[PDB]
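First up is the structure itself, then whatever we jot down about it.
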Amino acid sequence: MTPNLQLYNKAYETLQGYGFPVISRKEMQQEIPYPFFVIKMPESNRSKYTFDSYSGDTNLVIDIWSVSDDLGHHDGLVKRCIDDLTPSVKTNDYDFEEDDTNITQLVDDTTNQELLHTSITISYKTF
Amino acid sequence: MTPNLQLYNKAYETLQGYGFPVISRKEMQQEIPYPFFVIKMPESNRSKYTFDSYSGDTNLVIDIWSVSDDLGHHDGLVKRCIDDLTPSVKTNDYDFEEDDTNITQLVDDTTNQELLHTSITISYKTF
Amino acid sequence: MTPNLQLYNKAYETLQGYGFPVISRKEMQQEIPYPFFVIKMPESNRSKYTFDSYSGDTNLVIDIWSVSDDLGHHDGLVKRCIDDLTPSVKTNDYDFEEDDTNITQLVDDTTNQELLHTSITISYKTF
Amino acid sequence: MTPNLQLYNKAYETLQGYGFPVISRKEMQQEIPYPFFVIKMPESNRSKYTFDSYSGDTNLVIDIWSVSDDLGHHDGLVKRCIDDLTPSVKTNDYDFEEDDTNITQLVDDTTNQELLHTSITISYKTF
Amino acid sequence: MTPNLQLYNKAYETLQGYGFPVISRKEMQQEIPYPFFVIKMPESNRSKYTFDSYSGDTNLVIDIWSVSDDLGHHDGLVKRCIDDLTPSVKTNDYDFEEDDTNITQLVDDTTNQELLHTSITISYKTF
Amino acid sequence: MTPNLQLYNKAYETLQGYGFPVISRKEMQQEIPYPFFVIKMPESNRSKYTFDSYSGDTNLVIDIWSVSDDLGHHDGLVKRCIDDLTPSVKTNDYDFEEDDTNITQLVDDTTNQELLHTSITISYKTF
Amino acid sequence: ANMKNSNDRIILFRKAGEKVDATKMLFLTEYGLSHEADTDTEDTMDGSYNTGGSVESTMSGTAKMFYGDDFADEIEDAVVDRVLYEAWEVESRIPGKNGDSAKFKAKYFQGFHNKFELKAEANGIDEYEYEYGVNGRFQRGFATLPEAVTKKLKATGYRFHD
Amino acid sequence: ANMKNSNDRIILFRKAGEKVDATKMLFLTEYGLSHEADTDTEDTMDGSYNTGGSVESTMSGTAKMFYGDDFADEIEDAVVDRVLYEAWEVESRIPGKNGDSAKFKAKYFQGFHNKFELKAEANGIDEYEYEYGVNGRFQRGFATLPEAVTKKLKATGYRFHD
Amino acid sequence: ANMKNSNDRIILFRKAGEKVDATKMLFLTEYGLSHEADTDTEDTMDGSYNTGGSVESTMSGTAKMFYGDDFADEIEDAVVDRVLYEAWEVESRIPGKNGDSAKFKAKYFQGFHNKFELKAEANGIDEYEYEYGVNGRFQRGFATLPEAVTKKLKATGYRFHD
Amino acid sequence: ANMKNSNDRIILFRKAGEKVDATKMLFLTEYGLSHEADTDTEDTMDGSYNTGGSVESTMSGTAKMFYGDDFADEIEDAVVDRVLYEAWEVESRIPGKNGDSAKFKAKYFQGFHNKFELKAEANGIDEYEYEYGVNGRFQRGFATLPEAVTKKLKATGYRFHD
Amino acid sequence: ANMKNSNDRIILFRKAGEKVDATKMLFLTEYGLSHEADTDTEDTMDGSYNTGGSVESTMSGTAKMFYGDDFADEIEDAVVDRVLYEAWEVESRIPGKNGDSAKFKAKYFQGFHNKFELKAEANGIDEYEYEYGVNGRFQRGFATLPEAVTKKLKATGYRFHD
Amino acid sequence: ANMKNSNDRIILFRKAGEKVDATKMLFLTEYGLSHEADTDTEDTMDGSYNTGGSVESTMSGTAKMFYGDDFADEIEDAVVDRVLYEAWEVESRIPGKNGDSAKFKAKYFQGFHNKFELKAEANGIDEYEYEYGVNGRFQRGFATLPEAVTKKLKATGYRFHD
Amino acid sequence: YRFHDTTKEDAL
Amino acid sequence: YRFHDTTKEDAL
Amino acid sequence: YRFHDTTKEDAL
Amino acid sequence: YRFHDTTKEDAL
Amino acid sequence: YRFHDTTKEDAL
Amino acid sequence: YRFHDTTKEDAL
């Protein structure tokens, strides 16, 4: 497998344990209670790094939707994700090390409802 | 809690003490007399800083709406915010230190009324 | 008061002395002869500068509208503004020093009449 | 031939060997089963490099479309392409050396079906 | 006068001597034969340069419209303007020195006729 | 002549020798068999380079259209042009030295037909 | 947490031997204090060993000049006239424990100013930078801050104030 | 895979000759350990040859100062008073094999601190940097990490914790 | 507030010993004045001490050359002919108190020019830079500015004027 | 065409005089070899001439440290203990012609390691860099690559493999 | 206003002692002329004083080489053969007053070329740079420009012309 | 116009004293030739004067190594074995006038290679750079280019060809 | 020398 | 000198 | 030397 | 010294 | 040396 | 030394 799939699987193996539903995209006939996790397949750069290995940069986005009724809970989810997937992720072929994590958070009204939408971006150096 | 939420709560604890209304987003059935404060959830970058800690960058946006009838009072609110939230904010888990503050004002006619819209951005380094 | 307001007022106290009308925005029932001045609330960055003070960059835009019948006079207004507002402005709390000034002119036909639109930007370092 | 066409031909002679269909663009009367490869003509920069040769940057993009029912297989195609086209490609007139490879994936719903769209970019220094 | 107007005038005093019509913008009731010159009011930056003077960058654009029947003549006008306005221009208050000149030519079909549009930009450092 | 027109003419004197039609822009009543060359007038920067001369950067774009039935031939035209116009072009007043060439190809379906569109850009230093 | 900002250090000077309150160094831009031992090593076929040479100690800094001032003029007098100066470095946020309750943790130096450069450039406030050579062992202690300067004469605007 | 992060190195110090537990160097920014042989070469018409001069060895680093601390104050005392200091470099993720099961692979040095600079700048946490001169052959071994410091006193926030 | 702009310093020169009004150094781009003591330290087993060596003092600067001028030609004559020059640095905005009411605070130097470099580059106004070596103690005082140069002969355009 | 990638060079070492297979230097980041002649020139009024001094030769490089390793620890032992080391530089893609068919073109050196620096930085894999001083004339030849290391123990992922 | 462009300086050379018109240095890219006094200072307990050492003077520059030329070949001959060269620096826009009406203000030097480097790089027109060491006092005067070179042989294109 | 491209210079070498055709230095990236006179100056109270010391001359360059080659291996042999090498610099576009009609303008040197460094970096073609020390006066002439190398063995692709 | 406080009451 | 462990039980 | 004013009335 | 191969069969 | 003009009529 | 041509016919 690519590092993209390896990391993406490890991220499922993580978030799917909380019990809240995890999706890559919502289909029309699929009923999803709030809060829920959207997770998007990583981007990965690669380049020659030593005489014996590549190294590169893998960017993961996971994306947390909630009703705005309870912000402390929604932030508890965001913290839970960051604490599980940082500082390092180990998988069969690849190692991942947090370069930086970016939290950006919005109030979304697109759905006639005041949702909270947090995007968590993590840049992993990979070896 | 994330630093984002901790900061956001400390900003409410501050601004709500002036007695003018503070809101994240106005709902349709909710009547808000001017002047009023809009306050927008911080962004946070995080990266390794020492062998023993992270550091990063937390960006706070607060946003003051007033009718243009009296500019000196509006600017009094702007200065009162800046003086309360700078140079440093201390909270339970995190410290915040002003790196810069940016004040921009626009004359807003979107609402068939001449409003003053001041956006205050504060960038805190955080530890 | 912020530096933004202090500068904005010292600009009014200057430009309002030429006798031509000075406005922030024109309202629909308000009749304004040409030429006239539009003046827009400054932006201000702030950052730590010494162990004892902030310093920062405050951006002033003043904006001159005239009929194109006589360009020498319009340029006389431009030069008069620049000579009154540079190299330095002093006010009660703040000092301002010209970092640069940018003059741009357009020929504007939005109003079924050939107008001249000059935008004067002055960047002040402030202390 | 240019390096563009030399590379493009070597790319066909690789990918077309897997038995899945390979196209530069789909025509309306042409029925293509999933999964399939779109392959797009390289860009090339060329410049003087030594007193005796040019050298330059040749940018290859291949583009893998699959139904989302089985992600492990799609990733297997991705990895198979990368392992065949890197680290180096040799052809009659030109040599190509991987500078970097960038893998990006999207979930594509444009077609009333949940497709996986992987874009593979490889930047070859060429001599 | 500003440097903008001083340069704009010395450009008219040159171009208007060729006999072909020179305009800043065409008005609807005004009939202009081809070829003709559009000349646009300069931009000017200013900043402190020595303990005794400012200096700055003043940008002049003049713009030549012709029918495409004879390109050698249109290029003759382009070369004539550049030779008459570089390397230096002297005027009463200001000196101007060519920093660079940029020529671009389009073919323009906006008017149901194939025109040639050349834009000549000259950046003058000014003292 | 400017260097622009000198180079543009030298490019016609080359390409017009192949016996395919060469055009600056196709007019509606004009029938053009494939393949054909579009050619666009060079841009030219200029600046002082020595105490005795200017020098500058002149950018030539030629643009080759063909039906996609035979790609080897289209690439033959691309290679034949680049081989005829590099590394250097001499003309009466100016010398041109290749600094870069950039080749980009697209498959174009704008015309209800699958055409190949190759853009060849060549950056010449000039003296 | 509890990271230590640079601007909480207060640098004070006074001319040695005259009975006056120490004067604060305003508008510091950057600062540094340096200690350096000139150890040699001595080789022998029994084995090399390291010998404890003497230590040089020096304080260094940059400041912006301003019109309501006379102190940079004193620095440039002192470097030429070789005047001995006392100096303190005080940590404005570590208070003394008891008895010293009103004082703040400090280092005391005395020594000579050894460098002064004015730097002036068009489009800029002119800086000066200085170096000070410490004599001997600097002495640890607690220092009284001049309260009239540090907290009474507050000023509005971009000048720091409570 | 199995690349070695810098931050897994733990640097410890103690003043030589006093019976106390070693104190950890917190908030290192950057670190380096250097060994270098001062070889000469002797020419002769029979041919040149290289002669095995002595080796100089030194440890160097930068840290951020903080208020809950007293150790940079010890470094700056040590450089001036020429106090002999023991130091360890320990690899927090290589454990000892048996008997040493609770210990981690280490180098032990003793020597003197030879440099200390404070660097302070407006808009910045002030750094200090130091240099330590190793005496003789550094000694290989396994070191006990002070478990109360390294794993018991965890703290929330940006400070690293499990 | 009250920050000190660089361009308010006025630099004046005249050839020593000839009875003429001082001539202003026009179009300075950057400027600096430096004083530096060469103090060594003498070691002894009773303890090291620092010895008060002599001070070297120097003034330095860069200017743009222009056609209505003859002064850079005098600088380059002076560096070769070793001509003694007086020079003033005057603060154009600090006036004297009384009696000196028409004068401005100044330093007076006399000494020799020791360096002159022309720098010329295609696409540029050519600079010259110089260095001046001060003799002895510079002298404090108040200096009369040449009013005809500084305020009477104003010029339009980008040349500074009221 | 046929340009020579750096990463096709294989660098091998072993401690001199012990009968063991050479160990490969894994994870080189950058590499270089330098030869330089210390020529003087002697002037005479009949004319100057150039005199053929001796040549100094040295090999240098940077590597990433990793946990499945013990070789950096050998380099840092060798620099301090002045251990003589053999080293090879082998060109992994030039095979020997006949008889040497299984071997690859190489240089053989023996000499001493003369430098080792660890460089550790927050947010980074810690590198080590080394220098090695060649004794005498390096010797040309063909070298057998350790096939079990170079081609048998392949690993998945970003580690290079066929 | 009246700022002085670099490209208005004309640099001329000729081999010393042969009766020929001076040849212009075409395609200068950058230029500089330097004078610098090697002053010592002598200390005494009565007070230090500054002593007037001798002055070194030198001219330096860079040019682009071209095919219709033979002069860089003369510079590289001159540096090796130690040929004495005369040189002028002429200000192409300051004319002489009367009698000298056709001449332009100049400096005259004679001396030796002391440096010549060719610089060639792929994707570039090769430069050469040179240094010229002035003998003695340079002499002021007015110089006739070679009118056939400077104004008669004009050329089209990017070569400067009226 | 007629600017001189760097890549029209051809650099050739051969081992001194063996009867073989000169071999071309392929894939140069950058190149330079330097001459520099070690002039002293002698002061006297009658006046200082400049004395004509001897000249050092050297040629320098950088190239890309490739697999179809054996010449960099000769450079690195030559620097160590102190082998005397002849070298030419030829201007591929200045032909000789008559009789020399088939030859191109050149400089001839002989001397020793004095430096060779091989620079290899991950993600890069390894360069080597060299220095060559010229003996005596270089000699002017016209050189025959090896036509079989320069024009017969043309190759397709990015390798330059007509 | 010993430590002396900043104030004139503890002059050198 | 030999190796000594970090703890006070192995003081120098 | 002492201080001398800029003007010719206070020549050296 | 002469050339020696990498392997233990050609130890120094 | 004195000043000499550029032209061959004022050769050294 | 004098000039010698590149070719083996003009070997040193």
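Following the order of the structure tokens, chains are lettered A, B, ..., residues in each are numbered from 1, and ligands are numbered from 1.
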
Hey, could you make a per-residue contact list for chain I against chain C with 8 Å as the cut-off, showing the nearest pair of atoms and its distance in Å to one decimal, counting only C-alpha atoms, sorted by chain and number, as JSON lines?
{"residue": "I:1", "atom": "CA", "partner": "C:127", "partner_atom": "CA", "distance": 5.5}
{"residue": "I:2", "atom": "CA", "partner": "C:95", "partner_atom": "CA", "distance": 7.6}
{"residue": "I:3", "atom": "CA", "partner": "C:127", "partner_atom": "CA", "distance": 7.4}

Residues from the last selection, N, CA and C atoms, saved as a PDB file, in the first residue's frame:
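Wrote out16.pdb, looks like this:
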ATOM      1  N   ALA I   1       7.010  57.994  21.894  1.00  0.00           N
ATOM      2  CA  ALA I   1       6.968  59.371  21.321  1.00  0.00           C
ATOM      3  C   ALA I   1       8.313  60.074  21.480  1.00  0.00           C
ATOM      4  N   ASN I   2       8.508  61.158  20.728  1.00  0.00           N
ATOM      5  CA  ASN I   2       9.763  61.909  20.725  1.00  0.00           C
ATOM      6  C   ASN I   2      10.932  61.075  20.217  1.00  0.00           C
ATOM      7  N   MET I   3      10.666  60.094  19.362  1.00  0.00           N
ATOM      8  CA  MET I   3      11.756  59.358  18.739  1.00  0.00           C
ATOM      9  C   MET I   3      12.573  60.284  17.844  1.00  0.00           C
TER      10      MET I   3
END

Requested in this report: Can you pull out every residue within 9 Å of residue 6 in chain F, counting only C-alpha atoms, but drop anything in the same chain fewer than 2 positions away, and send it as a VMD selection string?
Outcome: chain F and resid 1 to 4 8 to 11 91 to 94

Separating CA of residue 53 in chain L from CA of residue 62 in chain K, to the nearest tenth of an Å, is a gap of 23.7 Å

Item checked: Residue set, chain I restricted to alpha helix (DSSP H), as a PyMOL selection string -> chain I and resi 71-81+147

- Task: Calculate how many Å separate CA of residue 23 in chain K from CA of residue 123 in chain I, rounding to one decimal.
- Result: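 Separating CA of residue 23 in chain K from CA of residue 123 in chain I is a distance of 23.4 Å.
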
Q. Can you tell me, as a PyMOL selection string, what residues are no more than 6 Å from range 158-162 of chain I when counting only C-alpha atoms, ignoring any on the same chain fewer than 4 positions away?
A. (chain E and resi 52-54) or (chain I and resi 154)

Do you have, as JSON lines, the list of residues of chain A lying at most 9 Å from chain D, each with its nearest atom pair and that distance in Å to one decimal, counting only C-alpha atoms and ordered by chain then number?
{"residue": "A:1", "atom": "CA", "partner": "D:75", "partner_atom": "CA", "distance": 6.2}
{"residue": "A:2", "atom": "CA", "partner": "D:79", "partner_atom": "CA", "distance": 6.1}
{"residue": "A:4", "atom": "CA", "partner": "D:103", "partner_atom": "CA", "distance": 8.3}
{"residue": "A:5", "atom": "CA", "partner": "D:75", "partner_atom": "CA", "distance": 7.0}
{"residue": "A:24", "atom": "CA", "partner": "D:107", "partner_atom": "CA", "distance": 8.0}
{"residue": "A:25", "atom": "CA", "partner": "D:107", "partner_atom": "CA", "distance": 7.7}
{"residue": "A:27", "atom": "CA", "partner": "D:114", "partner_atom": "CA", "distance": 8.8}
{"residue": "A:40", "atom": "CA", "partner": "D:106", "partner_atom": "CA", "distance": 8.0}
{"residue": "A:41", "atom": "CA", "partner": "D:105", "partner_atom": "CA", "distance": 6.1}
{"residue": "A:42", "atom": "CA", "partner": "D:104", "partner_atom": "CA", "distance": 7.0}
{"residue": "A:43", "atom": "CA", "partner": "D:104", "partner_atom": "CA", "distance": 4.8}
{"residue": "A:44", "atom": "CA", "partner": "D:103", "partner_atom": "CA", "distance": 5.3}
{"residue": "A:45", "atom": "CA", "partner": "D:102", "partner_atom": "CA", "distance": 4.5}
{"residue": "A:46", "atom": "CA", "partner": "D:101", "partner_atom": "CA", "distance": 5.3}
{"residue": "A:47", "atom": "CA", "partner": "D:100", "partner_atom": "CA", "distance": 4.6}
{"residue": "A:48", "atom": "CA", "partner": "D:99", "partner_atom": "CA", "distance": 7.2}

Go ahead and save the picked residues with N, CA, C and O atoms, as a short mmCIF file (atom, residue, chain, number, x, y, z; two decimals), in the first residue's frame.
data_model
loop_
_atom_site.label_atom_id
_atom_site.label_comp_id
_atom_site.auth_asym_id
_atom_site.auth_seq_id
_atom_site.Cartn_x
_atom_site.Cartn_y
_atom_site.Cartn_z
N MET A 1 0.84 -1.23 0.00
CA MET A 1 0.00 0.00 0.00
C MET A 1 0.86 1.26 0.00
O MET A 1 1.98 1.25 0.49
N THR A 2 0.31 2.33 -0.56
CA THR A 2 0.91 3.65 -0.41
C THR A 2 0.91 4.07 1.06
O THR A 2 0.16 3.53 1.87
N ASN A 4 -0.38 6.87 1.84
CA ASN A 4 -1.71 7.46 1.96
C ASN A 4 -2.71 6.47 2.56
O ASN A 4 -3.31 6.74 3.59
N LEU A 5 -2.90 5.33 1.90
CA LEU A 5 -3.81 4.32 2.42
C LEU A 5 -3.41 3.82 3.81
O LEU A 5 -4.28 3.62 4.66
N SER A 24 -16.31 9.06 4.84
CA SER A 24 -15.59 9.84 3.84
C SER A 24 -16.49 10.82 3.09
O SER A 24 -16.06 11.93 2.78
N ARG A 25 -17.71 10.41 2.77
CA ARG A 25 -18.70 11.31 2.21
C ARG A 25 -20.07 10.73 2.54
O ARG A 25 -20.25 9.52 2.53
N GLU A 27 -23.77 9.81 1.72
CA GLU A 27 -24.68 9.48 0.64
C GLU A 27 -26.11 9.85 1.02
O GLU A 27 -26.47 9.91 2.20
N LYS A 40 -10.68 12.69 5.02
CA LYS A 40 -10.33 12.81 3.61
C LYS A 40 -8.96 12.20 3.32
O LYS A 40 -8.02 12.38 4.09
N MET A 41 -8.86 11.48 2.20
CA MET A 41 -7.63 10.76 1.87
C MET A 41 -6.42 11.70 1.80
O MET A 41 -6.49 12.74 1.14
N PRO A 42 -5.31 11.37 2.47
CA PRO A 42 -4.14 12.26 2.51
C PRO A 42 -3.54 12.61 1.15
O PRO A 42 -3.57 11.81 0.21
N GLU A 43 -2.98 13.81 1.06
CA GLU A 43 -1.96 14.10 0.04
C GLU A 43 -0.59 13.65 0.50
O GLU A 43 -0.29 13.66 1.69
N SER A 44 0.27 13.24 -0.44
CA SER A 44 1.66 12.90 -0.09
C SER A 44 2.65 13.38 -1.13
O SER A 44 2.56 12.98 -2.29
N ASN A 45 3.61 14.21 -0.72
CA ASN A 45 4.83 14.41 -1.48
C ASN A 45 5.87 13.36 -1.10
O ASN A 45 5.94 12.93 0.06
N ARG A 46 6.76 13.06 -2.05
CA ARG A 46 7.89 12.15 -1.86
C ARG A 46 9.13 12.70 -2.54
O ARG A 46 9.03 13.32 -3.60
N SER A 47 10.31 12.51 -1.94
CA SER A 47 11.54 12.81 -2.66
C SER A 47 12.71 12.02 -2.09
O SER A 47 12.69 11.56 -0.95
N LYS A 48 13.75 11.89 -2.92
CA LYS A 48 15.04 11.41 -2.44
C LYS A 48 15.53 12.23 -1.26
O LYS A 48 15.40 13.45 -1.24
#

field: DSSP-assigned strand (DSSP E or B) among chain H, expressed as a PyMOL selection string
entry: chain H and resi 3+5+9-15+23-24+28-37+40-42+49-51+55-64+66+84-95+104-121+125+127-134+139-143+159

When you look at range 85-100 of chain H with a cut-off of 7 Å (counting only C-alpha atoms), what residues show up, excluding the ones that are within fewer than 2 positions of it in the same chain? I need them as a list in words.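 Near range 85-100 of chain H, the qualifying residues are residues 8, 9, 10, 11, 12, 13, 14, 15, 16, 83, 102, 103, 104, 105, 106, 107, 108, 109, 110, 111, 112, 142 and 143 of chain H.
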
Resulting file, chosen residues, C-alpha atoms, as a PDB file, in the first residue's frame:
ATOM      1  CA  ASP H   8      14.627  11.530  22.634  1.00  0.00           C
ATOM      2  CA  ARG H   9      18.032  12.636  24.008  1.00  0.00           C
ATOM      3  CA  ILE H  10      17.909  13.636  27.677  1.00  0.00           C
ATOM      4  CA  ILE H  11      20.760  15.801  28.998  1.00  0.00           C
ATOM      5  CA  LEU H  12      21.516  15.722  32.723  1.00  0.00           C
ATOM      6  CA  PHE H  13      23.974  17.601  34.933  1.00  0.00           C
ATOM      7  CA  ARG H  14      25.137  17.742  38.486  1.00  0.00           C
ATOM      8  CA  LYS H  15      27.786  19.628  40.403  1.00  0.00           C
ATOM      9  CA  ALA H  16      30.710  17.293  40.917  1.00  0.00           C
ATOM     10  CA  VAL H  83      33.139  24.567  39.163  1.00  0.00           C
ATOM     11  CA  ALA H 102      15.431   0.054  34.337  1.00  0.00           C
ATOM     12  CA  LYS H 103      18.343   2.052  32.874  1.00  0.00           C
ATOM     13  CA  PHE H 104      18.888   3.697  29.495  1.00  0.00           C
ATOM     14  CA  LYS H 105      21.988   3.846  27.299  1.00  0.00           C
ATOM     15  CA  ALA H 106      24.203   6.825  28.133  1.00  0.00           C
ATOM     16  CA  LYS H 107      27.484   8.687  27.898  1.00  0.00           C
ATOM     17  CA  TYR H 108      29.009  10.094  31.098  1.00  0.00           C
ATOM     18  CA  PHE H 109      31.277  13.166  31.014  1.00  0.00           C
ATOM     19  CA  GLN H 110      32.885  15.309  33.624  1.00  0.00           C
ATOM     20  CA  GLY H 111      34.450  18.647  32.866  1.00  0.00           C
ATOM     21  CA  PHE H 112      33.876  22.381  33.097  1.00  0.00           C
ATOM     22  CA  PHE H 142      23.708   2.796  31.291  1.00  0.00           C
ATOM     23  CA  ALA H 143      22.067   5.556  33.351  1.00  0.00           C
TER      24      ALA H 143
END

Residues of chain P within 6 Å of chain J, using only C-alpha atoms, as a count of residues only? 7

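When the distance limit is 8 Å and only C-alpha atoms are what count, the residues near residue 120 in chain J, minus those fewer than 2 positions from it on the same chain, are residues 6, 30, 31 and 32 of chain H; 118, 122, 124, 125, 126 and 127 of chain J.
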